[PDB]
Structure formats: structure tokens, C-alpha cells
$ cat work07.csv   # CSV, C-alpha atoms and all ligand atoms
chain,number,residue,atom,x,y,z
A,1,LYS,CA,130.1,78.9,77.8
A,2,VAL,CA,130.9,79.2,74.1
A,3,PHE,CA,133.1,76.3,73.0
A,4,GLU,CA,135.8,76.1,70.4
A,5,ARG,CA,135.1,73.4,67.9
A,6,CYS,CA,137.8,70.9,68.8
A,7,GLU,CA,137.4,71.6,72.6
A,8,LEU,CA,133.7,70.6,72.1
A,9,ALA,CA,134.7,67.6,70.0
A,10,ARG,CA,136.9,66.3,72.8
A,11,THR,CA,134.2,67.0,75.4
A,12,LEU,CA,131.4,65.2,73.5
A,13,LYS,CA,133.8,62.2,72.9
A,14,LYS,CA,134.7,62.0,76.6
A,15,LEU,CA,131.0,62.1,77.4
A,16,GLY,CA,130.3,59.1,75.1
A,17,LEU,CA,128.5,60.7,72.2
A,18,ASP,CA,130.8,59.5,69.4
A,19,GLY,CA,128.6,56.9,67.6
A,20,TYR,CA,126.0,57.1,70.3
A,21,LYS,CA,122.9,55.3,68.9
A,22,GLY,CA,124.6,55.5,65.5
A,23,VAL,CA,125.3,59.3,65.4
A,24,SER,CA,128.9,60.1,64.7
A,25,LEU,CA,130.8,62.8,66.6
A,26,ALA,CA,131.0,65.0,63.4
A,27,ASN,CA,127.2,64.8,63.2
A,28,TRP,CA,126.8,66.0,66.7
A,29,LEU,CA,129.3,68.8,66.0
A,30,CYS,CA,127.3,69.8,62.9
A,31,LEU,CA,124.0,69.7,64.9
A,32,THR,CA,125.3,71.8,67.8
A,33,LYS,CA,126.9,74.3,65.3
A,34,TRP,CA,123.7,75.0,63.5
A,35,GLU,CA,121.5,74.8,66.7
A,36,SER,CA,123.5,77.0,69.0
A,37,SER,CA,126.8,78.2,67.5
A,38,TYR,CA,128.5,76.1,70.3
A,39,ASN,CA,127.0,78.5,72.9
A,40,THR,CA,125.8,76.7,76.1
A,41,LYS,CA,123.6,79.7,77.0
A,42,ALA,CA,121.8,79.8,73.6
A,43,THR,CA,118.1,80.3,73.9
A,44,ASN,CA,115.4,80.7,71.3
A,45,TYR,CA,111.7,81.3,71.8
A,46,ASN,CA,109.3,79.0,69.8
A,47,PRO,CA,106.0,80.8,69.4
A,48,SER,CA,104.4,77.7,67.9
A,49,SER,CA,104.3,76.0,71.3
A,50,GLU,CA,105.0,79.1,73.5
A,51,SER,CA,108.2,77.3,74.6
A,52,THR,CA,112.0,77.8,74.6
A,53,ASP,CA,114.9,75.9,73.2
A,54,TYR,CA,117.8,75.8,75.6
A,55,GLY,CA,121.6,75.3,75.4
A,56,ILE,CA,124.0,73.7,72.9
A,57,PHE,CA,121.4,71.1,71.8
A,58,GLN,CA,118.5,73.6,71.8
A,59,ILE,CA,116.4,71.3,73.9
A,60,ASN,CA,112.7,72.3,74.0
A,61,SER,CA,110.8,73.1,77.1
A,62,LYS,CA,107.4,71.7,76.0
A,63,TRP,CA,108.9,68.2,76.2
A,64,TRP,CA,112.2,67.8,77.8
A,65,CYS,CA,113.0,70.1,80.6
A,66,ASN,CA,111.1,72.2,83.2
A,67,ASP,CA,111.0,76.0,83.0
A,68,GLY,CA,107.6,76.6,84.6
A,69,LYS,CA,106.4,79.2,82.1
A,70,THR,CA,105.7,76.8,79.2
A,71,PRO,CA,102.0,75.9,78.9
A,72,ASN,CA,100.9,72.2,78.3
A,73,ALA,CA,104.4,71.0,79.1
A,74,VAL,CA,106.3,68.0,80.5
A,75,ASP,CA,109.9,67.5,81.7
A,76,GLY,CA,111.2,64.3,79.9
A,77,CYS,CA,114.8,64.7,81.0
A,78,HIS,CA,113.9,65.3,84.7
A,79,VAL,CA,115.9,68.5,84.6
A,80,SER,CA,115.5,72.3,85.0
A,81,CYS,CA,115.9,73.9,81.6
A,82,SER,CA,118.6,76.1,83.3
A,83,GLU,CA,120.7,73.0,83.9
A,84,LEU,CA,120.9,72.4,80.1
A,85,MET,CA,122.8,75.7,79.8
A,86,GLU,CA,125.6,75.0,82.3
A,87,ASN,CA,129.2,75.5,81.3
A,88,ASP,CA,129.5,71.8,82.0
A,89,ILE,CA,127.5,70.2,79.2
A,90,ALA,CA,127.1,66.9,81.1
A,91,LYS,CA,123.4,67.2,81.8
A,92,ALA,CA,122.8,68.6,78.3
A,93,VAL,CA,124.5,65.5,76.9
A,94,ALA,CA,122.5,63.1,79.1
A,95,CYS,CA,119.3,64.7,77.9
A,96,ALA,CA,120.4,64.6,74.2
A,97,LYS,CA,121.1,60.8,74.7
A,98,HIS,CA,117.5,60.5,76.0
A,99,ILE,CA,116.0,62.5,73.1
A,100,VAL,CA,117.9,60.6,70.4
A,101,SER,CA,117.1,57.3,72.0
A,102,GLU,CA,113.4,58.2,72.1
A,103,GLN,CA,112.9,60.1,68.9
A,104,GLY,CA,116.0,59.6,66.8
A,105,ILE,CA,118.4,62.0,65.2
A,106,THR,CA,115.6,63.5,63.1
A,107,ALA,CA,114.4,65.1,66.4
A,108,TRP,CA,116.7,67.9,65.4
A,109,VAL,CA,115.3,69.8,62.5
A,110,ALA,CA,118.5,71.8,62.2
A,111,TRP,CA,120.3,68.5,61.7
A,112,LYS,CA,117.9,67.5,59.0
A,113,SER,CA,118.3,70.9,57.2
A,114,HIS,CA,122.0,71.4,57.5
A,115,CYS,CA,123.8,68.1,58.3
A,116,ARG,CA,121.8,65.1,57.0
A,117,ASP,CA,123.0,64.3,53.4
A,118,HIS,CA,126.0,66.6,53.8
A,119,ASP,CA,129.6,65.5,54.3
A,120,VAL,CA,130.2,66.5,57.9
A,121,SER,CA,133.8,65.2,58.2
A,122,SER,CA,135.2,68.7,58.3
A,123,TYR,CA,133.8,69.2,61.8
A,124,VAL,CA,136.6,67.1,63.2
A,125,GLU,CA,139.3,68.6,61.0
A,126,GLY,CA,142.5,69.5,63.0
A,127,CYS,CA,141.1,68.0,66.2
A,128,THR,CA,143.1,65.6,68.4
A,129,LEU,CA,140.7,62.8,69.3
B,201,NA,NA,108.7,71.4,80.3

$ encode --input "work07.csv" --output "C-alpha cells"
Amino acid sequence: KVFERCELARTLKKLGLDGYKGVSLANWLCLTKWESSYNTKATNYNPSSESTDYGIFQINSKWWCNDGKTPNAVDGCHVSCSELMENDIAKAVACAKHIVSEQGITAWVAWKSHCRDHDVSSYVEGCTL
């Protein structure tokens, strides 16, 4: 599923991400924009660790989900990487909560590069929340 921005905003808020461990909704919307363009089926190969980033949060297979093919890997979220690409982002959100709790918001390099020290208020512009 590719989300519209405000549709995603509403979904992330319903799933308890607004302010979760100090990360505002608009920050999550900026992160997911730059990571995946709001596409739940986004994938990107990471040759540095021969791994793949999956779904709207671009969660990596070396650490956080099982995909079988990744060498020297663990499954921190106890989930198949496929489940992090479901149209229903519930499992993806649960795993993001785990990641941010364990490693902090800086776990997402895309957030550091595009969102940190930027005004991200525009991500909720025109959304009913
Ligand atoms: Na894994």
C-alpha cells in the first residue's frame, strides 16, 4: 500500500506513534516520507551488510526481522520481514516502537539527514487529527 500523507498521519496517530518516546507525529511522517515515499512495499538492498530494508520504516533484515537470506542476521522484532510490508502497518509500527526504544530516533539515518534540525510541521498541514 502507498499511503496518502494525511491518511498515514491518522493511522500512525491511531496506532500510538504521536510523541512515542518523544518523537512527534510530524517527525514520523518526515522519516517515512524520506525512507519509503509512504510505500508499504518499499524495499532496498544494503550491500554493506548484504541485507534488505523493508516497508514504510525501511526496517533492516540484519537486525530486526527474518528474511532467511541475510547472512549473520537476527530477528529483533520477532517478525518475518514480509509482515513489515503489509497494507496494514500495525506490525511495522510495533517494530518501529521497538527500534526507537532500543536505539533511539537516530537509528534512522534518513531522519538524521532530512528531518532532524528541519521544521517538520508541514507534514501535518491540512490533516484532521
Ligand atoms: Na534477520

$ closest_residue --input "work07.csv" --among "A:104, A:71, A:16, A:126" --to "residue 48 of chain A" --atoms "all atoms listed in the file"
A:71

$ atom_distance --input "work07.csv" --atom1 "atom CA of residue 20 of chain A" --atom2 "atom CA of residue 51 of chain A"
27.3 Å

$ atom_distance --input "work07.csv" --atom1 "atom CA of residue 15 of chain A" --atom2 "atom CA of residue 70 of chain A"
29.3 Å

$ residues_near_ligand --input "work07.csv" --ligand "ligand NA 201 (chain B)" --cutoff "7 Å" --atoms "only C-alpha atoms and all ligand atoms" --output "ChimeraX atom specification"
/A:61-68,70,73-75

$ atom_distance --input "work07.csv" --atom1 "atom CA of residue 110 of chain A" --atom2 "atom CA of residue 86 of chain A"
21.6 Å

$ residues_around --input "work07.csv" --residues "residue 4 of chain A" --least-positions-apart "6" --cutoff "12 Å" --atoms "only C-alpha atoms" --output "list in words"
residues 10, 11, 29, 32, 33, 37, 38, 39, 40, 123, 124, 126 and 127 of chain A

$ write_last_selection --input "work07.csv" --atoms "C-alpha atoms" --output "PDB file, in the coordinates of the input"
ATOM      1  CA  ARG A  10     136.900  66.300  72.800  1.00  0.00           C
ATOM      2  CA  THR A  11     134.200  67.000  75.400  1.00  0.00           C
ATOM      3  CA  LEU A  29     129.300  68.800  66.000  1.00  0.00           C
ATOM      4  CA  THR A  32     125.300  71.800  67.800  1.00  0.00           C
ATOM      5  CA  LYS A  33     126.900  74.300  65.300  1.00  0.00           C
ATOM      6  CA  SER A  37     126.800  78.200  67.500  1.00  0.00           C
ATOM      7  CA  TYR A  38     128.500  76.100  70.300  1.00  0.00           C
ATOM      8  CA  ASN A  39     127.000  78.500  72.900  1.00  0.00           C
ATOM      9  CA  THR A  40     125.800  76.700  76.100  1.00  0.00           C
ATOM     10  CA  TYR A 123     133.800  69.200  61.800  1.00  0.00           C
ATOM     11  CA  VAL A 124     136.600  67.100  63.200  1.00  0.00           C
ATOM     12  CA  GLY A 126     142.500  69.500  63.000  1.00  0.00           C
ATOM     13  CA  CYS A 127     141.100  68.000  66.200  1.00  0.00           C
TER      14      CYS A 127
END

$ residues_around --input "work07.csv" --residues "residue 84 of chain A" --least-positions-apart "3" --cutoff "10 Å" --atoms "all atoms listed in the file" --output "mmCIF file with C-alpha atoms, in the coordinates of the input"
data_model
loop_
_atom_site.group_PDB
_atom_site.id
_atom_site.type_symbol
_atom_site.label_atom_id
_atom_site.label_comp_id
_atom_site.auth_asym_id
_atom_site.auth_seq_id
_atom_site.Cartn_x
_atom_site.Cartn_y
_atom_site.Cartn_z
ATOM 1 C CA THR A 40 125.800 76.700 76.100
ATOM 2 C CA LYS A 41 123.600 79.700 77.000
ATOM 3 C CA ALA A 42 121.800 79.800 73.600
ATOM 4 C CA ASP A 53 114.900 75.900 73.200
ATOM 5 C CA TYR A 54 117.800 75.800 75.600
ATOM 6 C CA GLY A 55 121.600 75.300 75.400
ATOM 7 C CA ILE A 56 124.000 73.700 72.900
ATOM 8 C CA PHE A 57 121.400 71.100 71.800
ATOM 9 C CA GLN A 58 118.500 73.600 71.800
ATOM 10 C CA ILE A 59 116.400 71.300 73.900
ATOM 11 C CA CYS A 65 113.000 70.100 80.600
ATOM 12 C CA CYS A 77 114.800 64.700 81.000
ATOM 13 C CA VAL A 79 115.900 68.500 84.600
ATOM 14 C CA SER A 80 115.500 72.300 85.000
ATOM 15 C CA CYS A 81 115.900 73.900 81.600
ATOM 16 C CA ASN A 87 129.200 75.500 81.300
ATOM 17 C CA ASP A 88 129.500 71.800 82.000
ATOM 18 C CA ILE A 89 127.500 70.200 79.200
ATOM 19 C CA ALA A 90 127.100 66.900 81.100
ATOM 20 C CA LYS A 91 123.400 67.200 81.800
ATOM 21 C CA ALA A 92 122.800 68.600 78.300
ATOM 22 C CA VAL A 93 124.500 65.500 76.900
ATOM 23 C CA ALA A 94 122.500 63.100 79.100
ATOM 24 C CA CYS A 95 119.300 64.700 77.900
ATOM 25 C CA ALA A 96 120.400 64.600 74.200
#

$ closest_residue --input "work07.csv" --among "A:125, A:45, A:83, A:21" --to "residue 99 of chain A" --atoms "all atoms listed in the file"
A:21

$ closest_residue --input "work07.csv" --among "A:36, A:23, A:43, A:121" --to "residue 3 of chain A" --atoms "only C-alpha atoms"
A:36
